[PDB]
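Enquirer: Handing you a structure now.
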Amino acid sequence: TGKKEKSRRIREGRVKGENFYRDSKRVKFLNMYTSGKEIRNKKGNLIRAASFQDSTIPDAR
Amino acid sequence: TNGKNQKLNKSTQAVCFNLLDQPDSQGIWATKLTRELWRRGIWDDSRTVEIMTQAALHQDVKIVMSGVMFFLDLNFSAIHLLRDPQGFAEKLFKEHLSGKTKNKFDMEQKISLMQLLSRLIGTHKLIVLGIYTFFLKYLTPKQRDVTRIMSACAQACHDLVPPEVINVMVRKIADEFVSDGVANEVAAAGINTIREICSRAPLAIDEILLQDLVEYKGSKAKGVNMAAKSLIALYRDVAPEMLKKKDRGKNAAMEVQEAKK
Amino acid sequence: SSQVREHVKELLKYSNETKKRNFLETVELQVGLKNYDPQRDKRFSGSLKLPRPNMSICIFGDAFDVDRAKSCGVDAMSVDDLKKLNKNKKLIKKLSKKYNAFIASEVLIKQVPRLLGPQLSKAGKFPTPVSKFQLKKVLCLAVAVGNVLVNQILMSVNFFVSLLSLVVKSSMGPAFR
RNA sequence: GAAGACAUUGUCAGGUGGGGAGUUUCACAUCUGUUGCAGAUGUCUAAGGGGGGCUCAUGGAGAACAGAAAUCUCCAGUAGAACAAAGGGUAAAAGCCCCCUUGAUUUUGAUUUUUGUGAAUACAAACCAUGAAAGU
RNA sequence: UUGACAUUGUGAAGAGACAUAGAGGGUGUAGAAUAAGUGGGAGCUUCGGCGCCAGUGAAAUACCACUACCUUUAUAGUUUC
RNA sequence: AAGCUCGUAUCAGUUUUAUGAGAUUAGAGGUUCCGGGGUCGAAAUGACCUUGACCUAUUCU
């Protein structure tokens with residue numbers, strides 16, 4: 001019971017992967033090594049382009 | 001823990017007293033310790049507040065500041081264990097700020113002394129009358145961090161002081177903050193620190209300048225408008241006859257119409 | 001109730017058991033109740049009252065007031081019956097302490113703090129214009145109600161609970177709860 | 001021999017337990033912290049009615065101290081002023097001042113926005129305010 | 001793993017607490033003195049010692065009531081260890 | 001797809017006619033009485049010394 005994230009957050013004071021290790025800030029940094037990736041549906045076509053690959057021509061004024 | 005060992009506390013308060021006598025710096029280890037024990041709730045006693053009073057009345061700056069920051073921490077319950085708050089404030093204002101004009105404290109410490117004096121005064125209905133001319137040197141918008149000084153000016157106002165010595169203050173502020181050409185923040189600060197004076201001392205500015213200040217209702221700047229509306233709503237419930245018919249808002253005017261006959 | 005009446009009756013008989021200490025025994029009520037903490041500012045104040053305090057008041061005034069209140073049997077004072085007193089703190093404190101209360105004209109309650117400033121404001125007897133039961137720091141609170149009139153006791157008690165054991169007493173008499 | 005009403009054994013109740021199982025992946029701005037912040041104080045969240053009188057902004061000329069701006073007088077001035085910043089509407093006013101009031105009141109139904117309300121809208125009876133009145 | 005109950009019987013000696021009945025207390029400094037504090041005030045008097053009027057002190061002491069804390073005395077019983 | 005009130009004349013991817021809708025003070029100097037140095041000062045709200053920020057006169061709309 002003491003080894004639960006609930007009890008830890010209570011005794012101390014969100015993102016997937018916050019443990020006794022690896023706070024908020026650290027999880028985002030470590031996810032960089034993986035999820036520069038390209039999302040697709042089951043038939044195959046772009047839902048969400050990869051990071052820094054948005055492919056929209058902005059209004060450059 | 002179980003019971004308070006008075007034989008020990010009364011003994012180790014005597015060493016704090018006998019340290020604060022040594023005028024070099026050695027009362028640091030009395031002040032820094034008594035603050036900790038007060039915060040831990042171990043030394044809630046009248047004998048201890050005297051130690052920090054003597055520290056505030058000391059000559060060393062880092063001891064006087066320890067005492068002042070203790071009595072600050074909006075103040076804490078230690079004020080309700082003092083032996084004479086009026087004489088305390090009088091001795092402080094006489095020794096540190098005005099008396100010798102030694103010019104030891106910097107502005108950041110003078111402001112913290114002012115805060116303590118005004119917050120004691122407003123809370124306990126004190127009368128010194130030198131405060132209100134000491135503020136006037138520092139009540140200029142060309143001065144260093146005046147928003148703290150003027151926020152303590154109001155805190156030393158009462159229902160029970162001669163409003164002329166506050167009229168001079170209000171007419172200094174009005175001459176130097178809501179005059180011709182002044183900026184929006186400056187004028188809004190002036191009006192905001194005048195209305196929270198008048199919330200304690202209502203008959204400290206007369207109708208003729210009240211009207212001059214409610215001029216600024218529709219001021220297009222959104223600081224001065226929010227400020228003037230506060231003064232109007234303050235005198236709508238207190239002395240609505242000073243306001244003109246245009247400002248008496250549907251109930252002050254009705255109360256005056258029934259009570260004027 | 002008339003359980004007050006049986007108390008006050010043989011208090012008035014105690015009136016005639018240890019008769020006189022060559023003065024008059026005032027009547028007092030001591031309030032005792034719980035459930036409140038005055039170290040927090042839970043303050044109360046009310047002055048909706050009417051006695052015989054062997055009336056000893058000091059009115060400050062002007063020419064228009066001193067010859068008004070030379071009748072009346074009252075101690076009176078000029079403005080410079082006060083101006084020539086500030087030089088001595090214990091002198092200005094002795095008059096402080098002399099009188100049960102203070103009053104003054106509508107003109108002089110702008111000038112009185114420049115003269116009698118530190119005193120007369122913490123003492124809780126500051127003057128009041130002409131033409132109390134403060135919960136300062138304690139749970140104990142006693143008030144003088146009358147003299148040697150059972151109505152006054154209840155009259156004050158309902159006001160005290162209005163504001164929020166009860167005891168009635170005289171100068172040397174016993175306590176009646 | 002040792003030990004002894006404790007240990008043990010039985011049932012409950014807390015703790016630990018990836019060793020193992022299953023599973024998922026509304027506002028300007030003084031007063032405390034993270035960085036130039038989310039938070040705490042206090043501080044705005046707003047005078048409508050119906051009668052009268054009068055014209056505003058700005059510019060020009062002119063008057064001791066008085067000047068670019070202090071008060072006074074005259075001329076021009078369709079709004080360039082104000083009415084909760086480049087826009088509509090308003091000039092014997094929808095604006096400023098003055099007089100009187102507080103219809104920002106109840107009852108009965110009708111319409112638009114909108115099936116839920118609220119909002120606005122007109123409509124009749126009463127108590128009322130206002131002006132000499134029409135009328136509101 | 002730690003606690004309670006049961007198994008679980010026969011004896012003894014001690015410590016703490018409930019609960020009542022009591023008993024007394026207060027040095028920051030000045031002040032005759034060690035001032036919880038508050039409110040009534042100028043003697044019940046064995047003494048007129050004294051209380052009032054006199055300093056000094058935020059607060060003034062006799063006399064009598066209130067209701068805060070602190071520390072101790074005893075065990076009808078109550079229990080725990 | 002199954003039908004049921006009845007068989008009017010109302011309708012129409014159409015036409016016609018009328019009619020509405022910001023930065024620059026170098027040049028002058030005054031202050032900071034919280035930034036004070038300087039020979040001096042038992043002692044001083046000073047001779048003056050600079051860092052300054054301050055109130056200023058300029059330019060565009």
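Enquirer: Could you list, in sequence order, all residues of segment B:84-110 that are crowded, with 19+ Cβ neighbours inside 10 Å and either more than 14 Å from chain C (Cβ to nearest Cβ) or within 16 Å of RNA strand F (Cβ to nearest atom) (or both)?
Expert: Within segment B:84-110, B:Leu92, B:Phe93, B:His96 meet the criteria.
A quick yes/no check of all residues on (1) assigned to a loop (DSSP other than H, G, I, E, B); (2) within 16 Å of RNA strand E (Cβ to nearest atom):
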position: B:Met52; (1), (2): no, yes
position: B:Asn75; (1), (2): yes, no
position: B:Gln86; (1), (2): no, yes
position: B:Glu95; (1), (2): no, yes
position: B:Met114; (1), (2): no, no
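Enquirer: For the subset of segment C:7-50 comprising residues that are part of a loop (DSSP other than H, G, I, E, B) and touching a strand residue (DSSP E or B) at 6+ places or on another chain (Cβ under 6 Å), which member is nearest to RNA strand F (Cβ to nearest atom)? I'd like the intermediate steps shown before the answer.
Expert: Going residue by residue through segment C:7-50, those that are part of a loop (DSSP other than H, G, I, E, B) are C:15-26, C:32-50.
Remaining after also requiring touching a strand residue (DSSP E or B) at 6+ places or on another chain (Cβ under 6 Å): C:25-26.
Values: C:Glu25: 60, C:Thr26: 55 Å.
Selected residue: C:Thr26.
Enquirer: Let me ask something else. Go through segment B:148-185 and give me each residue that's of a type in the set (A, V, I, L, M, F, W, C), away from chain C (no Cβ under 14 Å) and part of a loop (DSSP other than H, G, I, E, B).
Expert: B:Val178, B:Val182, B:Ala183
Enquirer: OK, next. What's the number of the only condition in (1) within 14 Å of chain C (Cβ to nearest Cβ); (2) farther than 30 Å from C:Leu120 by Cα; (3) hydrophobic (A, V, I, L, M, F, W, C) that B:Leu210 fails to meet?
Expert: For B:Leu210, the exception is condition (1).
For every residue, the table says whether it meets (1) within 21 Å of the chain's Cα centre (by Cα); (2) within 14 Å of RNA strand D (Cβ to nearest atom); (3) farther than 24 Å from B:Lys245 by Cα; (4) not aliphatic (A, V, I, L, M).
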{"residue": "B:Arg171", "(1), (2), (3), (4)": "yes, no, yes, yes"}
{"residue": "B:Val178", "(1), (2), (3), (4)": "no, no, no, no"}
{"residue": "B:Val182", "(1), (2), (3), (4)": "no, no, yes, no"}
{"residue": "B:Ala189", "(1), (2), (3), (4)": "yes, yes, yes, no"}
{"residue": "B:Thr193", "(1), (2), (3), (4)": "yes, yes, yes, yes"}
{"residue": "B:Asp206", "(1), (2), (3), (4)": "no, no, no, yes"}
{"residue": "B:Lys217", "(1), (2), (3), (4)": "no, yes, no, yes"}
{"residue": "B:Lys222", "(1), (2), (3), (4)": "no, yes, no, yes"}
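Enquirer: Restricting attention to segment B:1-50, which residues are closer than 23 Å to B:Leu116 by Cα, within 11 Å of RNA strand E (Cβ to nearest atom) and of a type in the set (S, T, N, Q)?
Expert: Listed by number, the residues that qualify are B:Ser46, B:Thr48.
Enquirer: If you don't mind, another one. Within 16 Å of RNA strand F (Cβ to nearest atom), aliphatic (A, V, I, L, M) and more than 14 Å from chain C (Cβ to nearest Cβ), is that true of B:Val256? Please lay out each step first, then the result.
Expert: Numbers: within 16 Å of RNA strand F (Cβ to nearest atom): no; aliphatic (A, V, I, L, M): yes; more than 14 Å from chain C (Cβ to nearest Cβ): yes.
So B:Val256 does not fit the description; no.
Neighbour counts are summed over all protein chains in view; Cβ atoms, including those assigned to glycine, are modelled from backbone coordinates with ideal geometry. Since every read-out is calculated from the coordinates, none of them should be taken as a lab result.
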